[PDB]
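> Right, I'll just put the structure down here and ask away after.
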Amino acid sequence: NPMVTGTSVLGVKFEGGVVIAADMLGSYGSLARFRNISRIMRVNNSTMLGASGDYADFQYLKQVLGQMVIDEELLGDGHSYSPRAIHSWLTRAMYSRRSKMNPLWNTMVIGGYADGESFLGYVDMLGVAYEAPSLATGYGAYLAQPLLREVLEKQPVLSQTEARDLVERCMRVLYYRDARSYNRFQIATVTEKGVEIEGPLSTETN
Amino acid sequence: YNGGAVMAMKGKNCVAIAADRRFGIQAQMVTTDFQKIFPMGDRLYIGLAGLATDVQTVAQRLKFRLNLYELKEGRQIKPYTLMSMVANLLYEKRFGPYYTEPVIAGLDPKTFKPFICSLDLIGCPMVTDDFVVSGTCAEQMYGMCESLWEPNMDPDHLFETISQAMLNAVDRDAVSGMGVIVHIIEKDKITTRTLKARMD
Amino acid sequence: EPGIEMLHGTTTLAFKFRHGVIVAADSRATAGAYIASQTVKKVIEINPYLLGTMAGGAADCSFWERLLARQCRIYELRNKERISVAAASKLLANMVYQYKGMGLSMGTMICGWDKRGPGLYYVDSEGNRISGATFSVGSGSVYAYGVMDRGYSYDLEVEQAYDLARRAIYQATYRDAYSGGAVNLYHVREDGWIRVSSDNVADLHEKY
Amino acid sequence: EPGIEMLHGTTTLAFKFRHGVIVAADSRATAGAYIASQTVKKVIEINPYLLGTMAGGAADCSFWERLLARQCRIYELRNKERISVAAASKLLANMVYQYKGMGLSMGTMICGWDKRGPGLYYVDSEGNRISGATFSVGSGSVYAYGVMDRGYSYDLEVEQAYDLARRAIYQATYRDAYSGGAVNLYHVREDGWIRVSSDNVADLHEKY
Amino acid sequence: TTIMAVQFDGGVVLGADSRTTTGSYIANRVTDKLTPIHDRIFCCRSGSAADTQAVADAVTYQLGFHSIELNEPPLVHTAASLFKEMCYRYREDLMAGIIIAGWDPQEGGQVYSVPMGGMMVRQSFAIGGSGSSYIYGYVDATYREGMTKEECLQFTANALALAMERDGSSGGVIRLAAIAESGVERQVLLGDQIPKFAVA
Amino acid sequence: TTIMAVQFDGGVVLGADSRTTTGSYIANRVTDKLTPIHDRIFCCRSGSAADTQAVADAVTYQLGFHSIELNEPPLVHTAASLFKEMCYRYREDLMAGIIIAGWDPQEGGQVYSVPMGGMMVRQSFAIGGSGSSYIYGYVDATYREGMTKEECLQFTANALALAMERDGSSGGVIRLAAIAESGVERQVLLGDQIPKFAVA
Amino acid sequence: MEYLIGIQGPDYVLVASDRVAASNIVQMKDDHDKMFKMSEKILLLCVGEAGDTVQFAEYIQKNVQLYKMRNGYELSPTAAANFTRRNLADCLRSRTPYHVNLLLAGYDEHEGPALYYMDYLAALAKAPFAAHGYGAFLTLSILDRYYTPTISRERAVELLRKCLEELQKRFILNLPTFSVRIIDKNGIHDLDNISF
Amino acid sequence: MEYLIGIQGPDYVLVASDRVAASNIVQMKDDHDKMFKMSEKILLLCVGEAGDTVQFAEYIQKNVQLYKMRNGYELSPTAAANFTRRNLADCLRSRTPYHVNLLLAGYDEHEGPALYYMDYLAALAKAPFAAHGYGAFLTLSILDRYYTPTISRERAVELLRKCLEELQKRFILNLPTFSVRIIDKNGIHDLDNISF
Amino acid sequence: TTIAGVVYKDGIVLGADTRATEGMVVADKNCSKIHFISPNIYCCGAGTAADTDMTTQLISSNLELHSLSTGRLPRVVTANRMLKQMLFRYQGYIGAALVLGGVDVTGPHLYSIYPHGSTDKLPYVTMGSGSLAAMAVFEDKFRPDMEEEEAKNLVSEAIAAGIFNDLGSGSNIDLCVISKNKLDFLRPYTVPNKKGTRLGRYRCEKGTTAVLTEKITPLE
Amino acid sequence: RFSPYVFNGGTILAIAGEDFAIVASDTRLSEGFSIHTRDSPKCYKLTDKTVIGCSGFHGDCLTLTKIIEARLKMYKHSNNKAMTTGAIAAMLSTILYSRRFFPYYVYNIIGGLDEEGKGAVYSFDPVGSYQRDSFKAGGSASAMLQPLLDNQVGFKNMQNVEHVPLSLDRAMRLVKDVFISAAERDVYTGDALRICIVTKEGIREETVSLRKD
């Protein structure tokens, strides 16, 4: 019985990193309640996290991640939790509490750029994990994921600019035809430089 | 429930059709000589699969209606005409659905053109150039045809292929099987053969 | 099948005339309308002292007889005398009773020649541990009862018993859609048992 | 109860020894745990030719058998001669066959000595219509059947038949918590049934 | 699903969003949520599409014969009553969103209103559908008496914009209708034009 | 149950209705939903009072211990965190929505809106309880920046009264509190003092 | 429940039925005939839900007698079989409780004996031998093993006796007496019941 | 669905039971001895859903013979009855059944014969005679009819024979065999199996 | 099944797939082609395929006879209303899904009929299983007043997205163009999938199977 | 009822030859009526002579395919030996049983070589019953596949034909044909076909494309 959910998270690999985005919206059913909450979070200097589904569970995820990340930084050996490791760790948690029938009413997206290689990961309610060049959750999967795979079929590799444009265009479509969607959304991006979540951006009327 | 299966594939001016012989009450065979294929014309047959009551009901009612049609028009019915015919009969009893999935195999009374078609249980034809199946073991039977078919089949090979398809398939279904009958409709003559099936 | 695709067995039989008991079972595994295999060994070989049957749940029966084999070999290593058929049956009954009504679908029936004679005990999921002389379990076991009752005789002969078991299970599978494939037969003589034969049902039909 | 249970049946009795049929029944409406009455006559004087019986449901039995009485008197007028027992059973069964599966709970026995001699048929809610030599229906019907089966004899003398009926009814009400009250005996002798007596179980216990 | 209508002197102003949902997916985002029952009588079906559309169209059917027969302009109250009983009779299977608003020669402008199930209110302004629950407070605090048509339009636009922001089952563009002596003024405020009462 | 709290410049302004229901019955009409959590931290409860006020007592106990051990008045974000965990459904049979708001030296007034289920989000203003739905639009229309204590109080009372009129779970009087650095100002609005609005 | 069985010889059909009806645990009539006389050479075996069986059977009774008297000649067993199948299948969609499982047996001067199996789904089926009821489960195997398409009346009766003895050996219900009749060129023949 | 019965006399108790074990339409065993030798002078009649019957009987037999072994003497029948009642009542909560209907029968040296009754709800009640199972309904009436506080052993045996043949005459189940044993000062005596 | 339609400059360009899915098994690789009734009112549908088909036949008949009575070509709105009221009263029953398009005297038209009777005049609708992806394609690339080839392309990728991004849809792409003057049988317009070459060469041998009884019936 | 545990389709197919062991599967990950991705192999390599295939609830697929490796590693640390095929089979049967009353919604196939290097395929059911087989198809399209394999390899309903032992080339051709054919009638199958071959010279894996729809 998920109380308050988010709509969807979009994210596509590109040459140089991975760009993902989501919108500020807290829905108590058809009620649009919270209209400024961030549903994406900077894991570390190399990894972000996108979140859909329930929000409180996302806050608890932020709790545990922001504790483990600091736990690693304190050791100060040089090793960092690579995005692949974060994805693998999310899967096992999803099991560890689904195996005993108390799941996390969420659909999690990991996007990372480690050792010069991009990486995008999908995690859901039930701990279904995989890697894919472009990902979409909820009605995002039915709406924007088709467009992303359509474009990515012809062009294998995208630059930052074109991939970002793809992102806002699909987000515009989602705002058009999805009931639980808000007019305004962040966009996040990782390069070798660092994770740079940016903007309370919006689908300016077109 | 009762179980069973039917199938038909086209060919070089020759169509094949087959159905099993098991009649069992949901776990237990009653006899091995139950009728599922029925002659609707000189060169037109229909094979039924589903509840035995609806099988023997639709068959008799189709005999009725088609005989009336034959006497009225005075001409042997077209295969497509019969197809649309049965497409209706299941539909009037819409909210009484006759639990059966008929199939049709036949030729042109003017050209002997190959023809097969199937129906959904309320009537939605799949006019197919290659094959149709129905009953319980539909998926296995699809699997067999999807490889074993080939274009432009001479009648002997058509018979061998349908034999192999149904014998491979029904062997893998618990509720269906126990004997396989086969009919071959060619331009001139009809061959009906019985097959050494695992009688278990 | 959201989480349930348990394999299973059916139409097992046995009887215990003077020369020892015989186990004969089919090997058709069905998962609804779909036979999963053809030669699943529905005669669990616990050890060359005992034999076991499988029905209702293939995984359940398989593991539970496996674990009883563990316990039996442990009993041998400790006591250094062979366990009794009665002891094995009762041990399995206790082991299965706990987990009562948890979905266990065991329908097995133990056989063997122990030092007091040749014995045969039925053990089911719900704790029925009954002795007997002519037993058969499975969905198609009713026909086996019929034919075996018409063929059983405590003074029956070896080849006579072989034909009895073969013909009985053949009638059973001929009437049961859930029973088929090749039939497996096992003979339990004085300590140490032999395998008679395991032939296919179609060959049997051609024979008849 | 929203007004509709009416009974579940208490301890009827009827058999057809060689001097006509005798019937017996008690009198204890069991509104759930509380007795509705101790003096509910259950033998129904359909006519001076034929006797019914109330069991299973009070209102349904009474109503449908009264309707039967109307119908059979109509028959006797139109045909100018009395209706046979078998015909009355047919009429009741056909009348009650409709309203199948609508909550009817009848358990009547039609009794009479028509041209074929003794007549005894079991007619119930769900359509059973069978003749026979021995009957009883209701909760205490099992105890009644016991004592009756051990008392019955087609050649039994009349007074001993009365004793048998009294003993059976008394034992059945003694075991049943739901049967009770005063016992009623009706003998269907040659043409015209004859009321025997209406004695009380309390006095019977002294007599026994 | 935030239909709303306001009555003023000599005319009425309506207002509704354009979003038909199938749960969490929008089938149509430009839905013409305003049905003109007659030349000067509108309504706003809301609650589910088919049972409302058909009833509204049937009411257009009726009252048309009835206005030709009387040979007089249809009275607003007459439309209200007709489309009242038409709902009430089938109040056990139908949903509905009647907020009937229109002008008549005799009694200025009216907004009769009722949710599904049937009853009668001639109130000052009518709100119905999903977003009405959210817009109650704004409308109640804002509505005054004697407000003219232009501020009626602005008030309607503001209310619908608030509903647009808070509701998730209503959206799209704001369709408006100004019914008065001369005729209807249907306009479509969208995009920038719709009131922007920002969040802070 | 229409708790709603607004942050002003120099502190926050709380506010809540006084009604407790047990069906169509008013269990209490002077219910004091403002709860003293600390010297300068209150909270507002909503729904299932028992499973709330128990949380309120437990959290105020923990805050008192934390305050006496740190030796400095607690941050609002601190008390924001001791609901968030045990309202993250460590009990999960806690249908409860609490908006906590107070004042600290460090960041002045703050308003948090811990909803049903366990979120913890800061807002400039928050609304809670059943009647919230009827005033979301109004408060989104009316709230602005830079409001002072007097106008914040008038805003709070207006919104609460607007909820009061419509929702059946809002009756009785209006309670208020004005948290600031100087002190606390509880006040109760009764009778004529509730802002009225002209009926239709 | 009950139990019916049919065996067809080269020139005859042999039927057998149990003779007990139940209410809950009791066997009110130990001498009950569940087997009806359709016409001069056609016998009907009925079983199923109480009440419906007799009603439907006698409905067919009146139909077939009316046919004979309307036409003078005799209805063929196959024709009556199909007629019962229709009168049963039609009522399936408008009579929820109508459980009657049937074994219609009879002889025809042209095609010899004919035995028809009839599930309450009204799915008619020719059979060299068949049976209804629970005991059919235990017995159909025995009936299969010792059957040949050609069997004189003597071996048929002995096989039937073997079947019944198997029931009394294994079946959990109590069926002490069975009625047996045989149909041949010379009408039906009553055979002495099988008592134990 | 099984059948037990016990009768108390002047100095003896005569009890009897069926020997049929069925799980379906078919009976698997026609010699099921379901009477457990509590001690040299006590018998335990156990019926109910099978599997738990054997286990509960073995538990009681275990611990009673354990008592006798630890204590030199042997339990009085009243002690055994109350002990079984306490076990069943206490365990009625956790292991949701044992679902066994009991008749504990025994005779001691100086308190005379006794016979105790148990339903699966663990209700202990001494009684001169009782029974279990569906058959008990057809039988308790006969027991009332032809029982007296004093009865000779042979008369009790013939009364039991009357009861059992009544069962076979009227009950719907098949009970072709009936174990019977008698308890007195000379241990426990097997008796002629009642067969047909 | 995934069907969509648009109203380009001078007509409608319906799109449909040909993957019939009996359950999770492909019923037809070349499903009974989804275009339908008498000229300038072609429609395509989905849902309970049988009832879509037979409803289309019924309305086709009832409207063709109407037109014949009139002597004037039928109107889209006419069929729209008929479909309304029939997909109505059998409410709470099977019904169907429909995309109705055509070009009468009033130019092109396009309504989207729903099971209970929900209809609406739109420049573009998508129905079926992959309707979501098709709508995404449209909302991404639809601009008003497309040219004929432009509209044909747009529908081509609209159907293709549903084909490659759905489970119950995908086969030959079908296009249905109706204009004030012209009409096209694009059956099918483009096929993305080709069956892989059979590396096996089984060539079923004669005498493979034993035969019990061989009964022959000469006819001619 | 139907569980909250989504079905992820897929199809697994394995033939044991005389020295090789084919393991092949479709690589499409799907739920309901949407495809998650197109490059999810369902075949995983365990030892230089054993390869697992798993399909079903893809979460359980992952958990199993990465719990088994732990058992292999610790068995190596405890026994100084890479466990043989039968060891893997028994292990998998028990571990599947271990969750008897909340089972892994999975179908699993083991392909590998025995001590003598003969082909070996072990087929399982969700609870843990297993039996040695020459070949089996498991998963969504298992019904469409397995009987065709039975005809071609086991020569059922083949009469008067020699039993030609299966060569590597013929096996590969047969697997490619059956999978390209299954892509036609089963919807869950598509977007690729990964094939793992286990030989005494190790494991080489090949992939081909299917109907991308």
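Following the order of the structure tokens, chains are lettered A, B, ..., residues in each are numbered from 1, and ligands are numbered from 1.
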Which residues are close to residue 46 (chain G), i.e. within 7 Å by only C-alpha atoms, leaving aside same-chain residues fewer than 3 positions away? Reply as a list in words.

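These residues fall inside the cut-off: residues 34, 35, 53, 100, 101, 102 and 103 of chain G.
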
> What residues in chain G lie within 9 Å of chain C, counting only C-alpha atoms, written as a list in words?

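Interface list for chain G against chain C: residues 137, 138, 139, 140, 141, 142, 144, 145, 162, 163, 166, 167, 169 and 170 of chain G.
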
> Quick one: residues within 12 Å of residue 161 (chain J), only C-alpha atoms, excluding same-chain residues fewer than 2 positions away - as a VMD selection string?

(chain I and resid 204 to 209) or (chain J and resid 152 to 159 163 to 164)

> Rounded to one decimal in Å, what is the spacing between CA of residue 18 (chain D) and CA of residue 23 (chain G)?

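If I compute the distance from CA of residue 18 (chain D) to CA of residue 23 (chain G), I get 26.5 Å.
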
> If you count only C-alpha atoms, which residues fall within 9 Å of residue 93 (chain I), apart from same-chain ones fewer than 5 positions away, as a count of residues only?

3

> Counting only C-alpha atoms, which residue out of H:10, H:77, H:112, H:133 sits closest to chain G?

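Checking each candidate against chain G, we get H:133 as the closest.
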
> Could the residues of chain A within 7 Å of chain J, counting only C-alpha atoms, be given as a list in words, please?

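Selected residues: residues 126, 127, 128, 129 and 132 of chain A.
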
> With only C-alpha atoms as the basis for distance, which of E:194, E:43, E:86, E:37 is at the shortest distance from residue 172 (chain E)?

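Using only C-alpha atoms, residue 172 (chain E) sits closest to E:194.
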
> How would you write, as a ChimeraX atom specification, the set of residues in region 18-70 of chain A that DSSP gives as alpha helix (DSSP H)?

/A:56-70
